[PDB]
Amino acid sequence: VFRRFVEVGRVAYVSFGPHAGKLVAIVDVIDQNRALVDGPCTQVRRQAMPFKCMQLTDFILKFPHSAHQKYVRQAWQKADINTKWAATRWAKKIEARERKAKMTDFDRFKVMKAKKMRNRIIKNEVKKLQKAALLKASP
Amino acid sequence: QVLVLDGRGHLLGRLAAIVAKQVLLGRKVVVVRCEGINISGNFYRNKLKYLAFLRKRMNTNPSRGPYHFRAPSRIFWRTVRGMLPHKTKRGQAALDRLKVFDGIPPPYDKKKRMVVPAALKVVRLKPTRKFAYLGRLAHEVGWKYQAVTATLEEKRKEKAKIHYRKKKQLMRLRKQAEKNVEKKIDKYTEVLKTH
Amino acid sequence: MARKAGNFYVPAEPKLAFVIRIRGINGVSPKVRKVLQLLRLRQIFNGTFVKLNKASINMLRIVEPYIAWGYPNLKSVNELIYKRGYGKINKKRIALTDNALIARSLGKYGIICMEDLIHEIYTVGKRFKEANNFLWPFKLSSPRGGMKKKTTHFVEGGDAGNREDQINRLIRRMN
Amino acid sequence: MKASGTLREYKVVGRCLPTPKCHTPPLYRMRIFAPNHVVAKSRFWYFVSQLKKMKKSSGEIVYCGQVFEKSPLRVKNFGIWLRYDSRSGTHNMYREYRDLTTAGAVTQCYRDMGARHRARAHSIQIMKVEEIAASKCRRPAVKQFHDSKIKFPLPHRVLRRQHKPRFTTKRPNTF
RNA sequence: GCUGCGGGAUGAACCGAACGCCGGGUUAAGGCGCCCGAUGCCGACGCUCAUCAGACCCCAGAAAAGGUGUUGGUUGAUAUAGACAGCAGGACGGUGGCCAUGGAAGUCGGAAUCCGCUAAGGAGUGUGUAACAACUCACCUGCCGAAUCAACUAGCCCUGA
Ligand SMILES: [Mg+2]
Ligand SMILES: [Mg+2]
Ligand SMILES: [Mg+2]
Ligand SMILES: [Mg+2]
Ligand SMILES: [Mg+2]
Ligand SMILES: [Mg+2]
Ligand SMILES: [Mg+2]
Ligand SMILES: [Mg+2]
Ligand SMILES: [Mg+2]
Ligand SMILES: [Mg+2]
Ligand SMILES: [Mg+2]
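Residues numbered from 1 in each chain as written, not as in the entry; some residues may be left out. Chains lettered and ligands numbered in written order. Part of a larger assembly, values for the part shown. Heavy atoms only, no water.

- Looking at the entry header, you'll see cryo-EM listed as the method and 3.6 Å as the resolution.

**Some remarks on the overall build of chain C**
- The helix and strand tally for chain C stands at seven helices and six strands.
- Beginning at the N terminus, the succession of helices and strands in chain C can be written as β-α-β-α-β-α-β-β-α-α-α-β-α.
- Taken over the C-alpha trace, chain C has a radius of gyration of 17 Å; the compact-globule value for 175 residues is 16 Å, and the two agree within 12%.
- Reported as C-alpha extents along the three principal axes, the dimensions of chain C are approximately 55 × 45 × 30 Å.
- Taking all 175 residues of chain C together, 41% fall into the buried category.
- The contacts in chain C between residues at least 6 apart in sequence include a share of 69% that link residues at least 24 apart.
- Within chain C, the 12 negative side-chain charges are centred at a point lying 6 Å from the centre of the 34 positive side-chain charges. (Helix = DSSP H or I, 4+ residues; strand = E, 2+ residues; numbered from the N terminus. Rg over C-alpha atoms; globule rule 2.2 N^0.38 Å. Buried < 20%, exposed > 50% of the residue type's maximum accessible area, 1.4 Å probe, protein only. Contact = heavy atoms within 4.5 Å. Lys, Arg positive; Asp, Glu negative; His and termini not counted. Charge placed at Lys NZ, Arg CZ, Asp CG, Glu CD.)

**Some points on the pattern of salt bridges**
- This structure, assessed with the given rule, holds 24 salt bridges over all chains.
- A salt bridge links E9(D) to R31(D); the nearest nitrogen and oxygen atoms lie 2.4 Å apart. Of the two residues, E9(D) is situated in strand β1 (residues 8-16) and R31(D) in strand β2 (residues 28-34); the sequence distance between them amounts to 22 residues.
- Look at the salt bridges and you will find they share partners, linking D6(B), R33(B), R113(B), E153(B) and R171(D) into a network. (Salt bridge = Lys/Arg side-chain N within 4 Å of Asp/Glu carboxyl O.)

**Quick look at the packing of helix α4 (residues 105-137) of chain A against helix α8 (residues 146-179) of chain B**
- It is at 9 Å that the axes of α4(A) and α8(B) come closest, and there the two elements cross at 115°. Crossing of α4(A) against α8(B): the hand is right-handed. Facing α4(A), whose interface residues are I122(A), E125(A), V126(A), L129(A) and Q130(A), α8(B) presents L170(B), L173(B), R174(B), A177(B) and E178(B).
- Of the residues that constitute the contact of α4(A) with α8(B), the class distribution is six nonpolar, one polar and three charged. (Axes fitted to C-alpha atoms, helices over the stretch in contact; angles between N-to-C directions. Left-handed = near helix turned anticlockwise from the far one by under 90°. Nonpolar A, V, L, I, M, F, W, Y, C, P; charged D, E, K, R; others polar.)

**Focus on the pairing of strand β3 (residues 67-70) of chain C**
Residues and elements named next belong to chain C.
- Going residue by residue along β3, you find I67 and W69 tucked away on one face and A68 and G70 tucked away on the opposite face as well.
- As judged from the four bridges shared by strand β1 (residues 16-21) and β3, these two strands associate in the antiparallel manner. Pairing of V19 across the sheet is with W69, part of β3. (Pairing = 2+ DSSP bridges.)

**Digging into the interface of chain B and chain D**
- Taken together, the contact between chain B and chain D spans 18 residues of the former and 13 residues of the latter.
- Taken together, both faces of the contact between chain B and chain D bury some 1300 Å²; the carbon and sulfur share is 67%.
- Applying the counting criterion to the chain B and chain D interface returns one salt bridge.
- Across the salt bridge formed by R171(D) and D6(B), the nearest N and O atoms sit 3.0 Å from each other. (Buried area = accessible area lost by both parts, 1.4 Å probe.)

**Observations concerning the interface of chain A and chain D**
- Listed per partner, the contact involves 21 residues of chain A and 16 residues of chain D.
- With both chains or domains summed, chain A and chain D bury close to 2000 Å², and 64% of this area falls on carbon and sulfur atoms.
- Considering only the surface of chain A that becomes buried against chain D, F2(A), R4(A) and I30(A) emerge as the three largest contributors, covering 25% of it.
- Applying the counting criterion to the chain A and chain D interface returns zero salt bridges.
- On the surface where chain A and chain D come into contact, there are five residue pairs in polar contact.
- Elements with a minimum of two residues in the side of chain A that touches chain D: β2 (23-29), β3 (34-38) and β5 (54-60) of chain A.
- Counting residues per element, the side of chain A that touches chain D draws most heavily on β5(A), which supplies three residues.
- Taken together, the residues of the side of chain A that touches chain D sort by class into 11 nonpolar, two polar and eight charged. (Polar contact = N/O pair within 3.5 Å; in protein donor to acceptor, adjacent residues only side chain to side chain.)

**Overview of the protein's contact with RNA strand E**
- Taken together, the neighbourhood of RNA strand E is formed by 49 residues, with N33(A), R45(B), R23(C), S142(C) and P143(C) sitting nearest.
- Among all atoms of RNA strand E positioned within 4 Å of the protein, those belonging to sugar or phosphate total 65%.
- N33(A) has a polar side-chain atom sitting 2.4 Å from a phosphate oxygen of RNA strand E.
- Within the contact set of RNA strand E, a sugar or linking oxygen lies 3.2 Å away from a backbone nitrogen or oxygen of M83(B).
- Counting residues per element, the ones that place at least two in the surface near RNA strand E are α1 (12-22) and α2 (43-55) of chain B together with β5 (93-99) and α2 (102-115) of chain D.
- Of the residues contributing to the surface near RNA strand E, the split by class is 15 nonpolar, 15 polar and 19 charged. (Near = heavy atom within 4 Å.)

**Focus: unusual backbone geometry**
- Positive phi values are uncommon outside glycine, yet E182(B) reaches one of about 70°.
- The exposure class assigned to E182(B) is exposed, which follows from its relative accessible area of 58%.
- The phi dihedral of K150(C) is positive, around 60°, even though this residue is not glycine.
- Relative to the helices and strands, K150(C) is located in the loop between β6 (138-139) and α7 (167-174).
- Residue class for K150(C) comes out partly exposed when judged on its relative accessible area of 22%.

**Things to note about a positive patch on the surface**
- Taken together, the side chains of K93(A), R97(A), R160(D) and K170(D) make up a positively charged region of the molecular surface.
- Within the secondary structure, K170(D) sits in the segment after α3 (140-145). (Patch = residues over 30% accessible without salt bridge, like charges linked within 9 Å, V, L, I, M, F, W, Y side chains within 5 Å. Areas by Shrake-Rupley, 256 points an atom, 1.4 Å probe, with all protein chains shown as cover.)

Written out as structure tokens, the structure reads:
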């Protein structure tokens, strides 16, 4: 319980505001509500953003207290947050939501016909598995 | 068409606001588990206000005048009456569209119950503030039907437990089927086209 | 030229001010009502260009709770002359719509055209009174974003007062 | 003052008129916080009229300038001196605020004095603003924000009021 | 009065604004949980628990005074030459001093006011036994361990009601 918490040198996600979909890094807490965040490679500029505006993540970095853009970028490239961030299910879920926003009608037609085929295969194979379960329970 | 709402962990005024707004549009909404609707504030405060409301009565004839219901479903229905224009033929039709039930009826056992997020106790109230149960208030004042309703509620909760094991068994069977082979050819297309 | 020497510099206080009337009609003292009649602000949401002077500023200090007055910019003059340019021959305000009206009714002073009219309004010359009398008081619509409370001065977050450059934003909202 | 939105820091200098009794006025200087420069000029006239023998007619404003922040990217500590007027009588006050810029800290000062002590902007007079360093803060809240390797989570974070649909089977887990 | 219209639920005077019949757009006064048009903004800051909360000029009720209920502010005074609270121990000698006698031997009262031992005792802050005596406090010391105490002030809420 309470596995995550704000910290000097933690990457975080932004949900609300003009920087939605952009990762920030917390430098220091100003007063209880806003944090001085910075972005080395995620295009977001060093500013003050609210804690309810941001979303907590699990990856940490080793920042000095009130460091600069150069040292934030060097620790970012040492920790390799980009490839390790792409290699998780979280970014795949966000990428799937973006691809659903980027669907088209021909893609939805292909998805629906593959959905019909997969649901027929699921129905027949689940009926075969429960028939096998009844045949196992018959002795 | 029809909407079935949970009452567990909801607030009286917020839920009445959302129901009275959505019943004027035509969606036939029904609030089930009305005894579980929470009310903010101290419980002695809420029953003091309700005791004053019971004290409000006509001296010349108490029958011809202020009617005071004790059942929590009818309490919520009076709360929606005081918010809809019931004296005209818009709010009267909206109250005819609205149905309210204490406990859970047998069709609403089967039909799925919605949970409104903006009317929740957890969303709207600080957890270090006091609250009161409308069913506890109704059992304390007038509504003598907790021993039947709670018994039937525990009976349908046992029915829900004996259904959920079967549903979870079927979900394990269909995920074993998804773990099995010869479905991935459509799944490549699905992942490349938004699984 | 002054900051290279390290000294400050003050610009010229301008001699032209645009005046829109903000408040209504009924419930108005005669002391400010006569000044509004002399400034041709007889209706609500009409505006005039006023040559600034000690007498004019002391009139505006009397009618501070009823008007909003400021320094119009070049587009603030130009859009009011082009879009809602209404002159008068003797009676009968006509839309300008041609240089011939200004050359016939007003052009007795080398001010025959609309470039001359805009030049005379902006750079207040010796014949500003004839141009201001020729121009009918500009009928203006209510602004898009609204107004701030209409009763306190612009110092107190209101409308009825001096603002000196935000009348450009006000005239882009109203015109 | 209305103190609408965020505040802004203005350096406003003013002097008397050049008179034959006394030429070259001393050209005084203040540091006025205001939402815009017109309110800065008017509040400058207010403060200089309360301090010395100055009014708007027998004086002028030489320069009015925006003062940008010396270091906006640094989280700093500001001590604000207050001469607010309460319901019974006026009082002196020292407050502290940890914020990025001076205008933001004085903005938080106006908002907080309006929150707690019910003080309007009519009564609040900012006496002095000074950046104070560490180990000189009198306040325990700012003294306990003074922590290196500070750790705190965000317990019970509820959000998104009806951005999700009004009717769902969900039940949102906090944190 | 002689005056419609939009807000103040309801209104003669209040706030906007004045009236030929209409289409479009915009706004004032006001409002945006439902009646009831509009915040369903991923609004910002902080205060408030009422067992009689509070909710907007006239306007439809309330004060003096009080609160170790919480939030700021001022004035100060203590604390490694170890305080604040807690536990334990001491709390004398001159002197049963002096004005008194129904008692005073600090303890109803009147005037004062020092010294020694000192670790420290105030010619004593109270409780008492009628008084003589026991008890306790200022003050002092042993353990503890680093922040503590006092008086005012104004915002919400409570009593006064
Ligand atoms: Mg009026
Ligand atoms: Mg609009
Ligand atoms: Mg008025
Ligand atoms: Mg008349
Ligand atoms: Mg009306
Ligand atoms: Mg009223
Ligand atoms: Mg219209
Ligand atoms: Mg308004
Ligand atoms: Mg509505
Ligand atoms: Mg108090
Ligand atoms: Mg009270």
